[PDB]
Every structure is written in structure tokens, then in C-alpha cells.
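Q: enclosed are the sequence and the experimentally obtained structure.
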Amino acid sequence: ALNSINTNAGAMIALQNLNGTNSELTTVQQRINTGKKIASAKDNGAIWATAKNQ
Amino acid sequence: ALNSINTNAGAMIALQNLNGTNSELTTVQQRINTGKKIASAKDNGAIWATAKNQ
Amino acid sequence: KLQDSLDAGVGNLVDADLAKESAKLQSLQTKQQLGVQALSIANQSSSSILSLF
């Protein structure tokens, strides 16, 4: 209602965007730590399985 | 929870990868020091025993 | 490695998100300040009766 005292969507949307940025940061940090894109089975199942067997 | 103040898995995984690198470094340094791949009984039991007896 | 996994799992179970708690705390503090003023407004009722007598 532009003056509500119980809720505000601006904080919710700011939180959502911050969480998205944190997730991307986590992915990049994992890449830097392990030194490779496909490190686990979550990154890419097909390529990870192929590399293990090879 | 992407904002937890009690724990973070990024530090744990970075530590694990660092320990793996340290172990590989230890193996390579042992190879350089002794000048041979199979130096002790931990490296390869069969080949070490064969070389000793021969 | 297993102990690290279990610690991370428990943390995922019971941890909070402080970014959301900050916003909730701000809104609740403002609402409490408004509630005290509203109670003060409500108290001053019936004080106008004395002028009739």
C-alpha cells in the first residue's frame, strides 16, 4: 500500500538477488579451488563419468 | 543458508584440496630425495621385495 | 572428509539467514515504536468529559 508497516517487497527482492550472487560466487570459488570445471558429479554427469572411466 | 555465521563449506573443501596437493608434493619430494620410485615397502610391496631379494 | 560432510549437514539443518533477520528486526522495531504511540493516543480518550461538568 506504499506505506505498509507489516511488509515490504523491496527487502525480499534484494535478498533474492543477493542469494543468487552468493550462489554464483560459490560456483566460481569451487572452480578456483579444484582447478577444473567438472570436478564432481553435480557439475556434469556425462562428462564426469567419461573422464573417470578414461 | 548462504548467510550462516556458524559454518561454511567453502573453507572445508579448500582445506581438503590443499591437503591433497600437500600429499602429492610429499610423494614427489620423496622420489627426488631417494632417486627411485619404489624406495620403501609402502610404495609397492611386490616390486620392493623382488628388488631386495635380487 | 565424512566428518566435514556431517558438520555441514547439521549446519544446513539448524542455521539461520541473518540478512533476512536484519530486515525483520528493522520492521519490528518500527512497529513497536508505532505501537507505543498508538497506546498513548488510546489512553487520552475520555479526558474531554470533564468539560461537560
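A: Yep, it's here. Numbers count the residues shown, from 1 in each chain, chains lettered A, B, ... in the order given.

Q: in the longest helix along chain A, which residues are buried?
A: When chain A is parsed with DSSP state H, its longest helix is helix A:9-34. Buried residues in helix A:9-34, counting neighbours by 16 or more other CB atoms under 10 Å in any protein chain shown, are found at A:11, A:15, A:19, A:30, A:33-34. Where C-beta positions appear, they are placed from N, C-alpha and C, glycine not excepted.

Q: output the contacting helices and strands for whichever helix or strand comes after it.
A: Following helix A:9-34 in sequence order, the next helix or strand is helix A:45-53 (DSSP states H and E). Packing partners of helix A:45-53 (3 or more CB pairs under 8 Å, 6 or more residues apart in numbering or on different chains; DSSP states H and E): none among the helices and strands.

Q: wait, what's in contact with residue C:26?
A: With CB atoms under 8 Å, 6 or more residues apart in numbering or on different chains as the criterion, no residue contacts residue C:26.

Q: got the residues of chain C near chain A?
A: C:19-20, C:23, C:27, C:30-31, C:34 (CB under 8 Å from any CB of the partner chain).

Q: mind telling me which residue of chain A is nearest chain C?
A: In chain A, no residue comes nearer to chain C than residue A:11, which is 4.2 Å away by CB to the nearest CB.

Q: about what we covered before: just the ones of the residues of chain C next to chain A in helices?
A: Per DSSP H, helices hold the following members of those: C:19-20, C:23, C:27, C:30-31, C:34.

Q: between these, which is nearest residue A:4?
A: Taking CB to CB as the measure, residue C:27 is the one of these closest to residue A:4, at 9.7 Å.
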